[PDB]
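Structural overview
Letter by letter, the chains look like this.
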Amino acid sequence: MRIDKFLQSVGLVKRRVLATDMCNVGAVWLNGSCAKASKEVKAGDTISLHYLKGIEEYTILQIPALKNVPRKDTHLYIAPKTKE
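Residues numbered from 1 in each chain as written, not as in the entry; some residues may be left out. Heavy atoms only, no water.

As stated in the entry header, the method of structure determination is solution NMR.

Threshold: UniProt positions are given in the numbering used here, feature names are shortened, and annotations may be inferred rather than shown by experiment.
Under its PDB header, the title given for this structure is "Solution Structure of hypothetical protein, HP1423". Its UniProt record, at the heading Subunit, says of the chain: "Associates with stalled 50S ribosomal subunits. Binds to RqcH, 23S rRNA and the P-site tRNA. Does not require RqcH for association with 50S subunits." Per UniProt, the chain carries the Sequence similarities text "Belongs to the RqcP family."

In structure tokens form, the structure reads like this:
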């Protein structure tokens, strides 16, 4: 599992292109560091995302090693970081 197919195959960003743009646009960021579309992710880690409306930093709860996580078990592997 990698940031490429991790957050792109969970239900966050759906697209149809053989060329990873998230890694080019500057959205792919692991551990507060820019990463390409070939960087493997780990459990209990962080997941940054760059957008035009604002930035989002999620956290990996675990790595189930899945291909396309539907809208059922896609709420126990990654979640938006926060401090209440």
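Back to the text.
Looking at unusual backbone geometry
Worth spelling out the cut-off: By definition, any uninterrupted DSSP run of H or I lasting at least four residues is a helix, any uninterrupted run of E lasting at least two residues is a strand, and each is numbered from the N terminus. The rule is simple: take the accessible area with a 1.4 Å probe, protein chains only, and divide by the maximum for that residue type; under 20% is buried, over 50% is exposed, in between is partly exposed.
One non-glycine residue, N31, lies in positive phi territory at about 60°. Within the element layout of this structure, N31 appears in the loop between β1 (29-30) and β2 (33-34). Given the relative accessible area of 59%, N31 is considered exposed. Although it is not a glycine, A65 adopts a positive phi angle of roughly 65°. Residue placement: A65 occurs in the loop between β4 (56-60) and β5 (78-80). Given the relative accessible area of 58%, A65 is considered exposed.

Observations regarding the UniProt feature "domain: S4 RNA-binding" in the chain
With numbering matched to this structure, UniProt assigns "domain: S4 RNA-binding" to residues 1-64. End C-alpha atoms of residues 1-64 are separated by 8 Å, and the span's content is 14% helix alongside 20% strand.

Description of the environment of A35
Quick note on the threshold: In what follows, residue pairs with any heavy atoms lying within 4.5 Å of each other are defined as contacts.
Structurally, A35 is set in the loop between β2 and β3 (46-49). With relative accessibility at 11%, the residue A35 sits in the buried group. Taking the C-alpha atoms as reference, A35 lies 12 Å from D21; in sequence the two are 14 residues apart. Aside from chain neighbours lying at most four places away, what touches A35 is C23, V28, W29 and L30.

Regarding the environment of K81
Position of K81 relative to the elements: it lies in the segment after β5. For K81, the contacting residues outside a window of four places in its chain are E57, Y58 and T59.

Some points on the pairing of β4
Put simply, the rule is: At least two DSSP bridges between two strands are needed for those strands to be called paired.
Where β3 lies against β4, four bridges are found, and the strand directions are antiparallel. Residue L49 lies in a different strand from β4, and its bridge partner there is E56. Taking the residues that link successive antiparallel strands as the turn, the β3-β4 hairpin has six residues. Bridging between β4 and β5 involves three bridges; their strand directions are antiparallel. Bridged to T59 within β5 is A79.

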